[PDB]
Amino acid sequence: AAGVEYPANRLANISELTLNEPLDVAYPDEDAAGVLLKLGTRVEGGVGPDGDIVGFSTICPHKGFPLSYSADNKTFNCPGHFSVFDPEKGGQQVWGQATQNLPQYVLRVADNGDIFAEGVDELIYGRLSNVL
């Protein structure tokens, strides 16, 4: 009761990620598209030994279009109404129509090398509760 109860879900292992190549994932369920991304530099919310593995919702929080990733810029870009998000700065909207910065996963790197997601810092598009 009180708070939303987030599940602790395995998303991937650290060995699956290549520098600057986003890995498709879903959290906190099948229907909530996101990505894991290794950025190569220490950044807010980032985990792993280099502190550079982040996880975000990949669905624009304005009107729900799927975001595309620019590798040269390291930004998420929205084809709907031209929003831009920075995963090197906690998903800050560089410019856009969303009243939210990009929802970011609370990640944990296990003992072995598995990456777990245990929460999300903002409301994911298309749901009035992050856990349904």
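Start at 1 and count along the sequence shown; that's the residue number.
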| property | result |
| --- | --- |
| Segment of higher mean CA temperature factor, 26-34 or 98-106 | 26-34 |
| Stretch exceeding the other in mean C-alpha B-factor - 89-97, 73-81 | 73-81 |
| Chain-wide C-alpha B factor ranking for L123, given as lowest, middle or highest third | lowest |
| Entry-reported Cα temperature factor of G45, expressed as the chain third it lands in | middle |
| Third assignment of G51 from its chain's C-alpha B-factors | highest |
| Modelled-residue ranking by C-alpha temperature factor, third containing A2 | highest |
